[PDB]
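Student: Please see the structure below; I have some questions.
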Amino acid sequence: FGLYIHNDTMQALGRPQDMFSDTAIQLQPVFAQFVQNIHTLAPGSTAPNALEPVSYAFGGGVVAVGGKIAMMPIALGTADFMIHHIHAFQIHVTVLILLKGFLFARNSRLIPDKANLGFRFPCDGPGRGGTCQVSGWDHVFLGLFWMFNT
Amino acid sequence: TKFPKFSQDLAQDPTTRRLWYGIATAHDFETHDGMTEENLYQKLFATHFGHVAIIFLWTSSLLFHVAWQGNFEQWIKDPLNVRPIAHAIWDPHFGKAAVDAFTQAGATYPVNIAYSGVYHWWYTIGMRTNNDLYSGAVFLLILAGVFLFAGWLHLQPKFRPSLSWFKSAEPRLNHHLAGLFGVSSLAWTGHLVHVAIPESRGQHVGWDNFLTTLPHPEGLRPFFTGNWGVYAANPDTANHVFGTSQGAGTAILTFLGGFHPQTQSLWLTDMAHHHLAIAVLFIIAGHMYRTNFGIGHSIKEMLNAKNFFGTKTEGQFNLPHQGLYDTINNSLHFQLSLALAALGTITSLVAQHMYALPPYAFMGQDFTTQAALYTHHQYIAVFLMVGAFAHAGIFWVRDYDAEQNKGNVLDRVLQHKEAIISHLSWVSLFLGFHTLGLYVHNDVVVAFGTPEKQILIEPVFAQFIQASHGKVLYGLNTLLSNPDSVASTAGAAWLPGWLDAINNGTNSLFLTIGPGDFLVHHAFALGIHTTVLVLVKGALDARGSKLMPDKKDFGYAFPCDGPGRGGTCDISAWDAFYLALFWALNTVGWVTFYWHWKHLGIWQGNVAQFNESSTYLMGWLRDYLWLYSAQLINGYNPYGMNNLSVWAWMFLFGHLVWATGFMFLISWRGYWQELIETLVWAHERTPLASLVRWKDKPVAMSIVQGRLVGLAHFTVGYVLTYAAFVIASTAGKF
Amino acid sequence: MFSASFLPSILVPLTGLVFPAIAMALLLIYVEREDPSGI
Amino acid sequence: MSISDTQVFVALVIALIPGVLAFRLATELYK
Ligand SMILES: CC1=C(C/C=C(\C)CCC[C@H](C)CCC[C@H](C)CCCC(C)C)C(=O)c2ccccc2C1=O
Ligand code: SF4
Ligand code: SF4
């Protein structure tokens with residue numbers, strides 16, 4: 001995200017050469033391209049008794065009908081990178097919240113009575129400062145917010 | 001107690017023999033005073049490290065030196081004629097025509113010719129310039145140094161491996177047989193397709209351009225689709241020239257088979273496909289045993305299987321095998337003997353798969369190089385095996401427990417050794433008697449003027465196997481001489497080229513034979529038969545004899561057992577080793593001269609002399625003994641010199657040390673001491689020189705040391721002269 | 001000669017003669033050492 | 001082609017790393 005807003009600032013700052021697409025500073029997801037490629041020429045050798053590729057977004061001809069597209073190969077340039085990476089980002093934080101509630105369900109480093117007390121309860125008084133939202137389903141609250149974003 | 005410290009005993013004697021015995025034990029570790037197992041194991045670890053380090057240093061030595069003052073590129077331009085360069089020459093004592101008969105290949109300094117043949121192999125690997133091998137030296141040098149330091153590290157306390165870490169085998173097994181060369185041959189294959197084949201086809205691929213250019217234009221297509229015939233694209237043409245592109249090709253893995261019509265060597269693509277095969281084959285062979293993880297074959301308990309399908313067993317193949325698998329892990333002489341025997345065998349095989357399957361270019365035309373290499377490797381091989389038998393013998397005294405092997409297969413061998421040695425003596429006597437009788441038959445019959453009254457045998461079993469491999473010369477129409485049999489549609493999938501090659505028996509590919517080959521091959525049989533005879537006799541007497549059973553406790557040592565019955569000298573368990581060494585030297589001489597005469601007659605095609613004078617031994621010592629030496633004998637003489645004087649000096653030096661050997665062998669230590677007495681008497685009583693005294697009181701030599709020095713002199717005398725003769729003859733006759 | 005310097009002219013004698021000399025001298029004085037130290 | 005003072009160089013890489021490294025690996029075992 002900070003990379004994203006960096007490029008944002010650069011575009012707003014009359015420094016367009018500091019952008020990150022093909023026409024500027026480079027980065028290219030070669031792995032997806034190569035896997036799609038090795039998928040393109042699959043039939044004949046890997047699939048002898050097979051006529052056309054499995055789909056046409058990887059490779060093949062642009063299949064259509066009328067003045068209306070059915071399927072064409074999809075292009076992965078530069079913008080794919082940060083999009084997939086922020087996908088992974090949010091999935092990571094989601095797992096973080098949920099698994100955190102999972103492990104720290106029965107005993108925390110401060111609350112040793114959680115499972116001794118329940119999993120649906122608001123708080124444990126203003127001890128240690130505050131303790132509100134120390135159950136688990138509030139963890140899943142935050143998690144469902146995050147998965148909404150995702 | 002200082003010298004020798006490793007034995008407090010030997011430093012308690014004021015006789016010069018101390019020094020003599022001081023330097024004949026420093027590499028017998030387990031005999032030093034006070035060192036248990038793990039000490040020995042760890043220092044053996046380190047010392048083996050040092051050995052491979054100095055091997056690397058040696059390689060760097062030769063390679064840097066040829067990089068310095070050689071003509072490798074001048075050998076690139078005119079390969080089949082330009083001669084390689086060994087190194088520079090520097091001796092003030094030198095002659096006159098030396099500088100006058102040395103400076104060639106455009107050089108102005110006294111160059112030294114090279115014979116080992118690293119140029120051909122290296123260019124085959126695809127080198128072009130001096131800087132290549134310059135950097136090569138520079139970096140394997142640092143490799144050697146780092147390896148040395150690695151050896152040093154494990155000497156520190158916190159880096160001391162465990163004895164159990166040494167006993168556990170299966171990890172070493174898998175790691176070696178899969179991850180030592182399988183992956184390494186994979187890496188070599190990568191170097192082949194990335195560098196070697198391009199340089200063969202004339203394209204230069206350095207250390208930077210290799211990152212962007214491809215092995216094949218169809219590259220990465222069969223990578224993950226499975227049409228591997230695509231990489232078997234258009235092969236190289238019938239006119240291609242290495243290092244050029246005239247009729248080039250764009251095929252990576254081919255199976256052409258036979259030879260390449262220009263280098264008459266193995267095809268490089270066949271080599272790559274071969275290496276790939278064995279690599280993946282060893283990898284699938286890698287996971288074959290059981291590790292610390294919980295699957296596989298438990299070696300020390302696989303053969304601990306004494307039951308299957310009701311009928312239990314006596315073992316695998318129904319023979320006892322229980323209790324010895326710890327020994328291979330207990331002793332070291334056992335593994336050492338196995339390794340030595342294996343190595344010697346495959347070295348002989350190597351020496352045999354060279355003069356028919358040229359691996360590198362220009363190999364066949366340059367006779368002197370390949371000839372020297374062949375006899376070199378075979379000589380290396382012969383007493384390499386004797387090492388195996390000797391260490392087997394010494395294992396039999398040190399590393400052996402009785403009850404642990406009660407009734408297993410070893411004891412059942414020992415129980416009937418007698419018939420073995422008896423029948424072996426029998427076959428030796430038979431073959432010797434009859435071969436000598438047939439020889440002398442020929443000699444007398446030809447010694448009367450009538451040769452038709454003389455026997456000629458004719459071998460046909462080798463003839464049958466020759467045609468049966470696919471030779472047509474004899475026209476028997478069997479098994480690829482019969483182009484219609486059941487197996488006549490099989491073999492290589494590129495057997496046409498192989499057939500063109502083998503039919504073209506013009507090269508060294510299974511040449512015809514006659515009666516002589518029958519004779520000498522039976523001679524070889526005899527030779528190895530008596531050799532193994534004496535060796536196994538010494539081995540199976542490593543414990544004791546009928547008329548001297550105690551020797552098991554006397555040791556693999558001197559014991560003489562003075563004249564009980566007529567004498568008992570030479571009973572000491574490697575007395576046999578001397579005899580075996582003689583019996584091996586004469587055998588290897590026989591065989592290498594046979595090879596030499598064969599290929600010499602093949603050189604100019606005049607096979608008439610061999611077949612004509614192979615029967616009676618007069619012909620042997622007349623046709624090839626002195627009919628090639630005047631080309632060498634007059635290298636120097638009262639009239640002039642040549643570039644061979646040093647080789648005549650080789651001859652004569654060898655003869656001298658040879659006779660010195662006889663001197664040491666015949667006279668014994670009962671005469672060389674009386675005169676040392678009177679010769680000590682002198683210094684005591686002459687004036688103006690009685691000032692000085694003795695560092696140490698001198699005495700005569702020892703017996704075993706006398707035997708050893710005599711044998712050493714004999715062997716060194718034998719080695720030199722024959723080498724000089726062979727290379728001088730090959731380079732003087734072509 | 002070639003592109004290298006004089007070195008192959010005189011670097012053999014010291015390796016040929018003097019280094020063996022010191023080698024054997026040090027060795028001989030080593031094989032007579034006192035007790036219990038030695039270098 | 002051939003070389004220059006760079007051979008004095010390749011001599012200089014020796015006598016510190018390999019030289020005294022081998023010296024130590026020798027003297028470890030108590031002359
Ligand atoms: C000659 C001989 C001797 C006598 C051999 C002796 C005394 C050894 C020879 C003395 C030394 C080895 C001579 C070498 C001296 C060198 C000249 C000194 C070396 C110094 C240089 C390196 C500078 C025996 O003791 C013997 C014992 C049993 C069987 C046969 C024989 C036998 O044949
Ligand atoms: S910490 Fe806040 S939410 Fe929790 S009990 Fe106290 S006042 Fe209520
Ligand atoms: S050589 Fe002498 S000491 Fe040795 S066994 Fe024979 S007689 Fe006895």
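In the structure tokens, chains take letters A, B, ... by order of appearance, with residues numbered from 1 within each chain and ligands from 1 in the order shown.
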Could you list, as number ranges by chain, all protein and nucleic acid residues with an atom at most 9 Å from ligand 2, counting only C-alpha atoms and all ligand atoms?

Tutor: A: 122-127, 129-133

Student: Keeping only C-alpha atoms, write the selected residues as a PDB file, in the first residue's frame.

Tutor:
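Result file is selection-v4.pdb:
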ATOM      1  CA  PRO A 122     -18.348  -8.605  27.105  1.00  0.00           C
ATOM      2  CA  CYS A 123     -15.355  -7.839  29.327  1.00  0.00           C
ATOM      3  CA  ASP A 124     -13.572  -8.420  32.638  1.00  0.00           C
ATOM      4  CA  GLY A 125     -13.775  -5.015  34.297  1.00  0.00           C
ATOM      5  CA  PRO A 126     -11.346  -2.122  33.986  1.00  0.00           C
ATOM      6  CA  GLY A 127      -8.496  -4.200  35.315  1.00  0.00           C
ATOM      7  CA  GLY A 129      -6.419  -0.673  32.203  1.00  0.00           C
ATOM      8  CA  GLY A 130      -9.114  -1.943  29.852  1.00  0.00           C
ATOM      9  CA  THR A 131     -10.106  -5.459  28.894  1.00  0.00           C
ATOM     10  CA  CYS A 132     -13.266  -4.957  26.815  1.00  0.00           C
ATOM     11  CA  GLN A 133     -13.489  -7.162  23.712  1.00  0.00           C
TER      12      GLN A 133
END

Student: Tell me, which residues of chain A carry DSSP strand (DSSP E or B), written as JSON, numbers by chain?

Tutor: {"A": [43, 47, 63, 64, 65, 68, 69, 70, 71]}

Student: Excluding residue 580 of chain B and its own-chain neighbours fewer than 6 positions away, which residues fall within 8 Å of it when counting only C-alpha atoms? Please give them as a PyMOL selection string.

Tutor: chain B and resi 386+531-532+534-535

Student: Using N, CA and C atoms, can you write the selected residues to a file as a CSV table (one decimal), in the first residue's frame?

Tutor:
chain,number,residue,atom,x,y,z
B,386,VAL,N,47.0,-56.3,-6.2
B,386,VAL,CA,47.9,-56.9,-5.2
B,386,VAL,C,47.7,-56.2,-3.8
B,531,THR,N,49.4,-66.4,-10.2
B,531,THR,CA,49.4,-65.2,-9.4
B,531,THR,C,48.4,-65.4,-8.2
B,532,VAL,N,47.2,-65.6,-8.6
B,532,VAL,CA,46.2,-65.8,-7.5
B,532,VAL,C,46.5,-67.0,-6.7
B,534,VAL,N,49.6,-68.1,-5.6
B,534,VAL,CA,50.5,-67.7,-4.5
B,534,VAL,C,49.8,-66.7,-3.5
B,535,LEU,N,49.0,-65.8,-4.1
B,535,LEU,CA,48.3,-64.8,-3.2
B,535,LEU,C,47.4,-65.5,-2.2

Student: Taking only C-alpha atoms into account and nothing else, which residues of chain A lie no more than 7 Å away from chain B? Please answer as a compact mmCIF listing (two decimals) with N, CA, C and O atoms, in the first residue's frame.

Tutor:
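result38.txt written:
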# COMPACT_ATOMS: atom_id res chain seq x y z
N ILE A 38 2.99 -22.60 -20.63
CA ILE A 38 3.08 -24.06 -20.63
C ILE A 38 1.70 -24.69 -20.62
O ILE A 38 1.57 -25.89 -20.91
N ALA A 42 -0.65 -27.26 -24.50
CA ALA A 42 -0.81 -28.54 -23.82
C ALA A 42 -1.20 -29.69 -24.74
O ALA A 42 -0.55 -30.75 -24.66
N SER A 45 0.83 -33.44 -27.00
CA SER A 45 1.84 -34.17 -26.24
C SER A 45 1.37 -34.52 -24.83
O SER A 45 1.28 -35.70 -24.48
N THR A 46 1.04 -33.52 -24.01
CA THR A 46 0.43 -33.81 -22.72
C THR A 46 -0.98 -34.32 -22.88
O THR A 46 -1.42 -35.19 -22.12

Student: Taking only C-alpha atoms into account, which of B:297, B:36, B:152, B:58 comes nearest chain D?

Tutor: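 For chain D, the nearest of the given residues is B:152.
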